[PDB]
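With the entry's author numbering applied, the sequence shown covers 6 to 449, 454 to 467.
Heads up, the beta-carbon is just placed ideally off N, CA and C, and yes, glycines get one too.
What follows is one structure encoded as structure tokens, with my remarks underneath.
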Amino acid sequence: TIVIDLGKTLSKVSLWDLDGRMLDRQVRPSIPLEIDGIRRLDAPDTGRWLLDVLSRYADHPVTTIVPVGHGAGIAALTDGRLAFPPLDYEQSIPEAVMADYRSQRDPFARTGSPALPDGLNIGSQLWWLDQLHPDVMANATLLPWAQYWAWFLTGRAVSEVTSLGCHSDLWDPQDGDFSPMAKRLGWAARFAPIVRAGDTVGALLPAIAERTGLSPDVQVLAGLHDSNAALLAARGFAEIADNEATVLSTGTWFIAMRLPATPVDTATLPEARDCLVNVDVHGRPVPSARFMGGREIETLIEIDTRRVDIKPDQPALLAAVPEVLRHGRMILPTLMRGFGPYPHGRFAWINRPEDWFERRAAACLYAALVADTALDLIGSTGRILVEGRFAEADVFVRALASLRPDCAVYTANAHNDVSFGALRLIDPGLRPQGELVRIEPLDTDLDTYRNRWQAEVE
């Protein structure tokens, strides 16, 4: 089996065995492609690199390939070939063109897709493209980035739901269909037939099976969006699986993605407080809430050298919590105006600690409280799995455990390559590396603290 993970900053090709262990991995940064001053995903060139690396695994019993793509990427095929390299979603879009688009979008209540800058909304790209290449767009078959690669190897164009549900303006999460807008504009009619991520797109193209030395019998799967890969993975853990659970990824962005066990009313979610609606590989709504956690923490600690996740530092970070707690030393939101649950929270310290450990420990508390608010906006309960670098942040995770006392907060036991998830598309019985360890609340308290914090915020 082979997973192709063509993300935004890193493209990874990986070879695995039927027991779900990685045999090899080939990586390569993704460099932008200039075309008019217009930044593009380098499709032609990536296609090459990955026909090389694919050749390397010709001696192996490969029976399946599954594609993985970052979101906010859309590809167009004119007369059965790539019309042009897709736009880089970070590529700017002209002011007048965007405003025109902005004023014709569907309500957030149907789409769960918030207005985002540049190309983050696929609709914005399409809107613009309709101007730059009017004819080529009308003759075009449309097809998400991830699925583009499954057509590169297969000749069959298909779409998959999770890329469409990635704040694209093209999807109606609750309805499980294209949005009124995408239909209205005739965009929905241009898309390749929707298929399930685990479905077989088809056998490897003969001309391709050749120069890679892979068997013509190799089967390509529809594939999925970068972010849903991790969800598949998380659902591999015995505690997550099919249960009501939420995965909270951390980094520059802290993102809560809930996997509801019951039907939820997403049309009621607060767009202004940085929530959105994604979709799982089954087409079921994935209520989401983010805030730029990692960015705010970094504002506080200034340099990589004082990152709150540095391992040997944990005990001292941890031991410094007691005094932070009882002196009411805390931080008020927000440090990123316009983002998260408290877009306009007037930032401020209170009894600012004068040493780094106590300031670094308190930073981990502020992120727990804001994550706490974010998890509640979407009805997260029961099981929470923390991932990303802030999983090694003892003060953060344990503060979370304390805030959600009857909830089971988790962190992973061993590292798992970012591409593992896709394997579970073939063999669902397959599980990640390590096990989940439940997080103990902070040693004794946090109510009085949060109570003060909350009161102050208001």
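Coarse secondary structure for residue i, derived from DSSP in three states
i	result
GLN463	helix
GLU328	helix
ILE40	coil
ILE127	helix
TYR62	coil
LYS17	strand
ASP314	coil
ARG334	coil
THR6	coil
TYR347	coil
Endpoints, alpha helix (DSSP H) assigned at residue i
i	result
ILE302	298 to 306
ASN421	Counting along the chain, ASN421 falls outside any alpha helix (DSSP H), and DSSP gives it neither H nor E.
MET186	185 to 189
Start-to-end residues for the beta strand (DSSP E) that takes in residue i
i	result
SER254	250 to 254
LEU46	Unbroken run through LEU46: none, as it is neither H nor E.
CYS280	280 to 284
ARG30	27 to 31
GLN224	224 to 226
CB contact flag (residue i, residue j, <8 Å)
i	j	result
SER184	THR273	no
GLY74	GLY228	yes
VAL163	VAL200	yes
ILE7	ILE70	yes
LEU435	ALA404	no
residue 452	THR378	Residue numbering in the chain jumps from 449 to 454; residue 452, which lies between, is not modelled.
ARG388	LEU322	no
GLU95	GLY76	no
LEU237	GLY426	yes
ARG443	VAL414	yes
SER173	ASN126	yes
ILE213	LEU158	yes
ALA367	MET335	yes
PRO433	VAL284	no
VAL252	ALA239	yes
Assigned exposure category for residue i - 16 Cβ within 10 Å defines buried
i	result
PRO290	buried
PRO320	exposed
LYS316	exposed
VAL18	buried
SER60	exposed
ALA143	exposed
Any non-hydrogen atom of the ligand COA within 7 Å of residue i CB
i	result
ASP448	Judged by which ligands are present, the structure shown has none, so any question about the ligand COA falls away.
Inset, instruction - Mind the definition here: the region 395 to 411 touches the region 234 to 251 only if three or more C-beta pairs lie below 8 Å; say whether that holds. - result: In short, these stretches do not touch, since the Cβ pair count stays below three.
Inset, instruction - Taking 8 Å as the threshold, find out whether the region 331 to 350 comes into contact with the region 289 to 302 through three or more Cβ pairs. - result: Taking 8 Å as the limit for Cβ pairs, the verdict is that the region 289 to 302 does touch the region 331 to 350.
Legend entry - Stretch-stretch touch, CB-based, cutoff 8 Å, three pairs: the region 153 to 167 with the region 93 to 112: Taking a contact to require three or more Cβ pairs closer than 8 Å, the region 153 to 167 and the region 93 to 112 do not qualify as touching.
Legend entry - Touch test, the region 260 to 273 against the region 312 to 326, Cβ-Cβ under 8 Å, three pairs minimum: Contact fails between the region 260 to 273 and the region 312 to 326, because fewer than three Cβ pairs, one in each stretch, are under 8 Å apart.
Inset, instruction - May I ask you to verify whether the region 202 to 222 touches the region 60 to 70, counting CB pairs closer than 8 Å and requiring at least 3? - result: Output reads yes: the region 60 to 70 touches the region 202 to 222.
Legend entry - Cβ pair count under 8 Å reaching 3, the region 97 to 107 against the region 49 to 59: Between the region 97 to 107 and the region 49 to 59, the count of Cβ pairs shorter than 8 Å is below three; the stretches do not touch.
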